[PDB]
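Okay, here we've got a single chain as structure tokens, the form deposited in one PDB entry, with questions on binding and movement later.
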């Protein structure tokens, strides 16, 4: 039968899951089958349904609860006299690690700006909603008394003003017929957006630094700048109108950008310009260009002797 899934399932052992065949079928005479492979290339064993945990319900399989055994590839096949279709679903079951409520490999991630609003939502909770709903939030796998600044509405968490204290793993809990559904997200805070172009440190914008090199010598011109949080940092060297790529590719080349420091999204990167076997043409005024969202700044270096 025709063969091809992007949808992947991650769940903690002891939590209810619903796996759907990605593709009225009973009416058309179509017969539906599932296979568990547990790996790419495996036997794809036919599943004989029990009634306690694994339930064949409509277009889906229900696990109540899930077990470590359940981890694997699930292939849903539809069969007819002349018609067939099948698709494979990946289910990974893991256990919360050592006293924690969640699994390290299995969690969501978010980023927030200091002194700014941020919303945290309980994602992928649709399959347990009826009739048309209670949720509890944990901080570092512990119950907390939440400040009035933080507001809870309908499966979501809102922080009106975000502080450097509000960092870590946020896990929401749902009750599903004597079962718990946990979705955990980790928040990382960064400094707010710059609103200002980066700052040149070496060379400075208005000092006109001087570099001395002898002919047939080696020249190292190293720019340095500070990039506040705002894409990779854009810092590069130019000699007048000519870009680094244009001038004499055999003797002169540009180094890769280095990260001298990083904190809260702010970086202090440095890049260097290297010239070998320096000649009369190489001597002149070199400028380090630094650019971002709000501006383009540059400073100059003089090559002498």
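Residue numbers count along the first chain shown, from 1. Throughout, rigid core stands for the largest set of C-alpha atoms superposing within 1.5 Å between the two forms.
Beyond what is shown, the protein has a form deposited in another entry; the following relates to that form.
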Exercise. Have a look at 201, 157, 87, 106 and give me the residue whose C-alpha moves 2 Å or more between this form and the one not shown, with the fit done on the rigid core.
Key: 87
Quiz item: When the two forms are laid on each other by their rigid core, does residue 31 show a Cα shift of 2 Å or more between this form and the one not shown?
Solution: yes
Quiz item: Relative to the superposed rigid core, does the CA atom of residue 216 travel 2 Å or more between this form and the one not shown?
Solution: yes
Quiz item: Taking the rigid core as the frame, does residue 76 move its C-alpha by 2 Å or more between this form and the one not shown?
Solution: yes
